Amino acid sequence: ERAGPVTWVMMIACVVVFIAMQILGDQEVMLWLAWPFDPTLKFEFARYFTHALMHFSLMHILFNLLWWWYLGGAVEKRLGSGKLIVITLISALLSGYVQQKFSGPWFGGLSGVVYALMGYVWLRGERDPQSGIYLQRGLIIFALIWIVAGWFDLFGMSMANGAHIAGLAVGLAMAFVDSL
């Protein structure tokens, strides 16, 4: 059993971008992938999504991809690639929007998407057990530790608490709808 296409391509894309950031520096890559930071860039639509591909430290990308691999992998396998695509697109857009609104356009990473996946997998398992998807009891503990790390700034994740809550809301909302 291996990670599906969406789970896999996202991981490889983030690694490729991370390498580009080490070679060229974070700033040069953000210039091209960050959320629109000037009116001249408002119609470069990829920017409303590409911010999610950038990570700023080894720990940032390491833990984001571990969670994406586990949660996204599970969602794709049991519920399909389409499900993972939508959760990802909606959470990246909303968390990015909230982040930009209160803290500016300079940010990046999959943490908002991870909050969405944590909320989705956990809630789906609590309300729709036989759906096959659930968050392992022990992993609920480490997910909480990861959440706390970012919430109290013990671990730099680029995005702010409000943006992460927005991502979580998307996951919970979709899980609620799916267990309907």
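Start at 1 with the first residue shown and count on from there.
- The mean Cα B-factor in the deposited entry runs higher for 148-156 than for the other of 148-156 and 114-122.
- With 27-35 and 124-132 compared on mean CA B-factor from the PDB entry, the stretch scoring higher is 124-132.
- In this entry, the residue among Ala46, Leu65, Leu53, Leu139 with the greatest C-alpha B factor is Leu139.
- Comparing the C-alpha B-factors of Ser103, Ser95, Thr88, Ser81 in the entry, the top value falls on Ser103.
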